[PDB]
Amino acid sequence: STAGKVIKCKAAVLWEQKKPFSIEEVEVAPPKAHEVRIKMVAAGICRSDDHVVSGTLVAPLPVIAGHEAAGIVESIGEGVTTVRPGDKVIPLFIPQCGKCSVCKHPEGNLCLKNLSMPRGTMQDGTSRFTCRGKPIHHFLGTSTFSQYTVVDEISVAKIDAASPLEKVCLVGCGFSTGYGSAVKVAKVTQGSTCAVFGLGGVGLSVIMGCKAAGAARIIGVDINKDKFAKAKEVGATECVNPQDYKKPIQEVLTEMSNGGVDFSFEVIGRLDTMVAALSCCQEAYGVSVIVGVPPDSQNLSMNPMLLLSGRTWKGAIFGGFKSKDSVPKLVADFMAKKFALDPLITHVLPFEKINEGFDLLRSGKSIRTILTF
């Protein structure tokens, strides 16, 4: 079949910052030892993929981006034991080698084999993609905006064969990150007051986790008032737009919560909202979690007295989940109806319309657009 052969297929190649993805033919090499070649079925558009196009994130170009997705194994290289041809899988943008000291720690999830922004390759340092005869870089070891991709085994998890890939691709990034940020990283408590800054796909998933944790109050914060209705549908008890007030938003949230909230989340990616989210939590016992990706080459300025009083400030990737252990469990929980993903899906488009999906996100009109291959 195609096993052992170079596959020619369609992919979305980003050749330059601030330009449209180029949908064109690429050559995908067969998998080497401990690698998995996957036929993609659905991919979501995450704001971090847009960060590569705007320069917010600096990744080596040209590149095949995409990290929130699901597909079916087409073939495996020598030594693969955790997946087989025909299995439904989700690529893991943070790997889980299971042997490093972070993988063995009870709370860490940033596996030391992670391939972050500067490392635009597979684990062996090379690429499996060619376009117009030129080598193309990988992204986060996943590169899912392609009809076929090749990933390292520690970067892929087998999931339930009955799951709907057009929905569960969100477990690869958006949903898990927000939900885990509330239930695992902040460990929101029953009856608490939470403030969530940013009501995109990840922020809505933080609201779902605060509601599942039993929070009594969930204040959504966004400058785009069109995001409020969906936020309330999934759990927000109130929504506030910072542009409607004469005072800084942290002052407004502190007054609203009678002294500061128990848990706050920054799910935007701005330095001023990271500082405001910290400030609006209660000065002695509040907890603030940074989920948004800050702008490249910019430092945050803050008064350390905000921490000395007793606040906890922390960040996390992928909701704190150890990726290969958690993604299959999250898909099984979805199959058991333990959470819902339809509230995050506002648009469905064929993969070929990827640029239209990115323009929907940039214009503020969508939450998650799912691309179907």
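Numbers follow the displayed sequence, beginning with 1.
Asks: Tell me which stretch, 123-131 or 279-287, has the higher mean Cα B-factor listed in the entry.
Replies: For C-alpha atoms only, the mean B-factor is higher in 123-131.
Asks: Can you tell me which stretch has the higher mean Cα B-factor, 320-328 or 51-59?
Replies: Between 51-59 and 320-328, it is 51-59.
Asks: Select one of 274, 168, 196, 117: the residue whose C-alpha shows the highest B-factor in the crystal structure entry.
Replies: By C-alpha B-factor in the record, 117 ranks first.
Asks: When the CA B-factors of 28, 36, 41, 46 are compared as recorded in the entry, which is the largest?
Replies: Highest CA B-factor of the listed options: 28.
Asks: By the record's CA B-factor, is residue 137 among the lowest, middle or highest third of residues in the chain?
Replies: Lowest third - that is where residue 137 ends up once the chain's C-alpha B-factors are sorted.
Asks: According to the PDB entry, is the CA B factor of residue 106 in the bottom, middle or top third of its chain, that is, lowest, middle or highest?
Replies: Residue 106: CA B-factor falls in the highest third of its chain.
Asks: Would you check the entry's CA temperature factor for residue 308 and let me know if it's in the chain's lowest, middle or highest third?
Replies: Its C-alpha B-factor belongs to the middle third of this chain's values.
Asks: By the recorded C-alpha temperature factor, relative to the other modelled residues in its chain, which third is residue 333 in?
Replies: According to the entry, residue 333 has a C-alpha B-factor in the chain's highest third.
Asks: Taking the C-alpha B-factors as the PDB entry records them, is residue 372 in the lowest, middle or highest third of its chain?
Replies: Middle third of the chain for residue 372's C-alpha B-factor.
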